[PDB]
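In: Provided hereafter are the protein sequence and its experimental coordinates.
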Amino acid sequence: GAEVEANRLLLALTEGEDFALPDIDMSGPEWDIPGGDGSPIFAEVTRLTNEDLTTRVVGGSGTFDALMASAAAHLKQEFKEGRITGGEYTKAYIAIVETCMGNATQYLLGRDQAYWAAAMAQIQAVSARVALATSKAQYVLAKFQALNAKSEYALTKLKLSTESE
Amino acid sequence: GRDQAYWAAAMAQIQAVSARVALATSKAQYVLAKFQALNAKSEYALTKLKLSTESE
Amino acid sequence: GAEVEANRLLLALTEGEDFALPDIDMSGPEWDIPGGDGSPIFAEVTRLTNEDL
Amino acid sequence: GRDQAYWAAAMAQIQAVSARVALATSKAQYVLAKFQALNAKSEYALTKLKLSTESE
């Protein structure tokens, strides 16, 4: 029976130096990509065409339209409550097209990229929790690798006498 | 910049599904690292048991 | 009995040079991602659309 | 830049807790380097004792 002797020897040649390994149960639904198989990562990114800047219609489904129809919806809050005549409101609305068009392009080219950088980082943040358990498991491996060099120090020192004979 | 901003949001979705695959592997190399720690304790004992052999 | 001889030899071939290893107990709840399984990392980042500007 | 400035402050906290773990290892490889210096002095003696063997 070699099984019994092997276990007995291990618990006797290494006494006191029984360092405990991590025991985190990485088998739940929180150790996968957050949200599971329904996370917003599995969407369908459509090809960015020129119908996403402006749909060529006022109050459209683009970014230029949205910004240009939200500034007008933020100035009409004054015009419909006094504080400005009709002429002043329109002049303000017209002088915004340069700003909205400039800021719509900045948002469009960068809206998608700023999401994946906040989506591929969540995954690279859950796997960091996994990569933290390993760092708590290589810590004992490094500790054993230090006591595995002290033994080799003794073994080499015991080989000097053998070569002397 | 229209086309380039789409592929950066398309080649990242693929690099986000394969991250789910790469997360299962990180849950499978975790036990591999755990076993590699108990595989160094055994070698510690084996080397310590080799000191006596060289003594004889 | 090879066990006794191995231990005796090690504590005799290396005398004085017994350098101590670290002994930090990395088994609490502070050695994981801060906040545990409820950290703000497990949110749901939604696709940035033009309704966020 | 709102989202990106959060993950850079969230994936750095994780890379700051694991630095505490990576600091314990640096306190455990320090003795490993110390033993690796006394493991080269022994090899110095062993090689010096092998000169006499080749002389005979």
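Out: That came through fine. Residues are numbered from 1 along each chain as shown, chains lettered A, B, ... in the order given.

In: tell me the residues of chain A that contact chain D?
Out: A:114-115, A:117-118, A:121-122, A:124-125, A:128-129, A:131-132, A:135-136, A:138-139, A:142-143, A:145-146, A:149-150, A:152-153, A:156-157, A:159-160, A:163-164 (Cβ under 8 Å from any Cβ of the partner chain). For every residue, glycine as well, the C-beta is placed using N, CA and C.

In: filter the residues you listed to the buried ones?
Out: A residue is treated as buried here by neighbour count (16 or more other Cβ atoms under 10 Å in any protein chain shown); on that basis the buried members of these are A:114-115, A:117-118, A:121-122, A:124-125, A:128-129, A:131-132, A:135-136, A:138-139, A:142-143, A:145-146, A:149-150, A:152-153, A:156-157, A:159.

In: which of the residues you listed fall in helices?
Out: Secondary structure of those is defined by DSSP state H; positions in helices are A:114-115, A:121-122, A:124-125, A:128-129, A:131-132, A:135, A:138-139, A:142-143, A:145-146, A:149-150, A:152-153, A:156-157, A:159.

In: give me the number of residues near residue A:40?
Out: By other Cβ atoms under 10 Å in any protein chain shown, the residues close to residue A:40 number 14.

In: and it, helix, strand or coil?
Out: Each residue gets one of three states, and residue A:40 gets coil by DSSP: H, G, I helix; E, B strand; the rest coil.

In: ok, the residue lying closest to residue A:86 once chain neighbours are set aside - contacts?
Out: Leaving aside its chain neighbours, residue A:86 sits nearest to residue A:79 (6.8 Å; criterion: Cβ to Cβ, 6 or more residues apart in numbering or on different chains). Taking Cβ atoms under 8 Å, 6 or more residues apart in numbering or on different chains as the criterion, residue A:79 is in contact with A:85-86, A:89.

In: ditto for residue A:41
Out: Applying Cβ under 8 Å, 6+ apart, we find residue A:41 in contact with A:33, A:35, A:119, A:123, B:13, B:16-17.

In: coming back round to it: ok, which of the ones in helices among the buried ones among the residues of chain A next to chain D also contact chain C?
Out: Among those, the ones lying near chain C by Cβ under 8 Å from any Cβ are A:114-115, A:122, A:125, A:128-129, A:132, A:139, A:143, A:146, A:150, A:153, A:157.

In: closest to chain B among those residues?
Out: Nearest to chain B, judged by Cβ to the nearest Cβ, of these is residue A:115 at 7.3 Å.

In: so which elements touch the helix or strand where residue A:101 lies?
Out: Here residue A:101 is covered by helix A:97-111, with elements defined by DSSP states H and E. When contacts are defined as 3 or more Cβ pairs under 8 Å, 6 or more residues apart in numbering or on different chains; DSSP states H and E, helix A:97-111 packs onto helix A:63-79, helix B:4-7.

In: tell me which of those helices sits most buried.
Out: Burial of the helices and strands packed on helix A:97-111 is given as mean neighbour count (mean count of other Cβ atoms under 10 Å in any protein chain shown); helix A:63-79 ranks first at a mean of 17.

In: not counting sequence-adjacent ones, nearest residue to residue A:164?
Out: When the adjacent residues along the chain are set aside, residue A:164 lies closest to residue D:49, with 6.8 Å between them (Cβ to Cβ, 6+ apart).

In: contacting residues for the residue nearest the centre of chain A?
Out: The residue lying closest to the centre of chain A (Cα atoms, centre = their mean) is residue A:121, at 1.5 Å. Applying Cβ under 8 Å, 6+ apart, we find residue A:121 in contact with D:7, D:10-11.

In: ok, now residue A:125?
Out: Applying Cβ under 8 Å, 6+ apart, the residues contacting residue A:125 are C:33, C:41, D:7, D:10-11, D:14.

In: which pair in those residues spans the largest distance?
Out: C:33 and D:7 (13.3 Å; Cβ to Cβ).

In: next one: residue A:71 from chain B, what distance?
Out: Residue A:71 sits 24 Å away from chain B, taking Cβ to the nearest Cβ, to the nearest Å as the criterion.

In: hmm, I was thinking of residue A:58
Out: In this structure, residue A:58 lies at 22 Å from chain B, with Cβ to the nearest Cβ as the measure.

In: that residue against residue A:69, yeah?
Out: Yes: under the criterion of Cβ atoms under 8 Å, residue A:58 lies in contact with residue A:69, with a separation of 6.6 Å.

In: for residue A:119, what are its contacts?
Out: The contact partners of residue A:119, by Cβ under 8 Å, 6+ apart, come to A:40-41, B:12, B:16, C:45.

In: my bad, should have said residue A:156
Out: Contact partners of residue A:156, counting by Cβ under 8 Å, 6+ apart, are D:39, D:42-43, D:46.

In: now flag whichever of those is closest to chain C.
Out: When those are compared for distance to chain C (Cβ to the nearest Cβ), residue D:42 wins out at 9.8 Å.

In: quick check: phi and psi at residue A:43.
Out: Per-residue torsions, residue A:43: phi -90, psi -170 (degrees, to the nearest 10).
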